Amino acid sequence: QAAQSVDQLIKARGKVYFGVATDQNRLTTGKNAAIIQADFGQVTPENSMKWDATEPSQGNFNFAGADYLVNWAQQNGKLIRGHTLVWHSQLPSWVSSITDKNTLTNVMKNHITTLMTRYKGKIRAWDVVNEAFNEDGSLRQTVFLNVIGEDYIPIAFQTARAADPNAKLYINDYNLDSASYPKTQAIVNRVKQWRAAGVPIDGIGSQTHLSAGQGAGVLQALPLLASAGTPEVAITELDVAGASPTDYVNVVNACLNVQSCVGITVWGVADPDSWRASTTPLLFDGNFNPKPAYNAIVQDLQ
């Protein structure tokens, strides 16, 4: 852990948290636990709450990994973002082969309700629907869209709201980092339409997996995402190829500039454990020491 906590500092600036993605396999090895305890105030399960992990076989749930994280988080005072309920990746084949609307609808509702009720009152926010958009702004043609139709999104959120009224319900996606981007404009428009129709969408999560130099665009993109009217917006899976302080500070400033931006979650602790380790995109290096970008953020928040 670094001596200064970016979570405490961002809280002093009026935000809710500065967190990281993690899970049992990380918490039990290296210095991950210590770093997370001292420097962050929120955790997102990297994989333990995904469909393949929680319901590998229909109706046969596995919460071992998810329980470890939730209990560890409560004990250590860290907020939790549930991730993720409806998604086309890491989806068991028993789900993807269903072609009946009723069957899939009930399977989806049961998956959502079961996970959310088990952790009712302990989860700050849930990424209810993940990566539902194609790059041109149209809806991704996943099994849920193909079998259930566009209504799958309203249904997912209505169900989540009923399962745990206390949780902030998010629609999450990537490539919403530029204001001119087709996808960015599309999600703002659809979320407005959905909210006008009464769909309980509390927030828009922007994954923010960036390439070097892209940080500047987020300064314009985030205020645009905020214009959709959701109570909150959040940077959910931040990592930047090269981890340049310039990009990292830009993303942080974008959040401080947007009132509704509640916080930031970086996707992992140390570089070698990143899903894109070769681009060393995180805040701590392979030896678990904070990188220049971590210090740049602390100074900026000072």
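Note that residue numbering follows the sequence shown and begins at 1.
The deposited model assigns a higher average Cα B-factor to 26-34 than to the other stretch when 250-258 and 26-34 are compared. As recorded in the PDB entry, 72-80 is the stretch of 151-159 and 72-80 with the greater mean C-alpha temperature factor.
Highest C-alpha temperature factor among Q141, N175, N130, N110, as the PDB entry reports it: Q141. In the PDB entry, the Cα temperature factor peaks, among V269, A243, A53, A277, at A277. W126: CA B factor in the lowest third of modelled residues in this chain (values from the PDB entry).
In this PDB entry, the Cα temperature factor of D273 sits in the middle third of its chain's modelled residues. Annotation for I297: CA B-factor lies in the lowest third of the chain's modelled residues. The entry lists a Cα temperature factor for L222 that places it in the middle third of the chain's modelled residues. Ranked against the other modelled residues of its chain, the C-alpha B-factor of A3 as given in the entry falls in the middle third.
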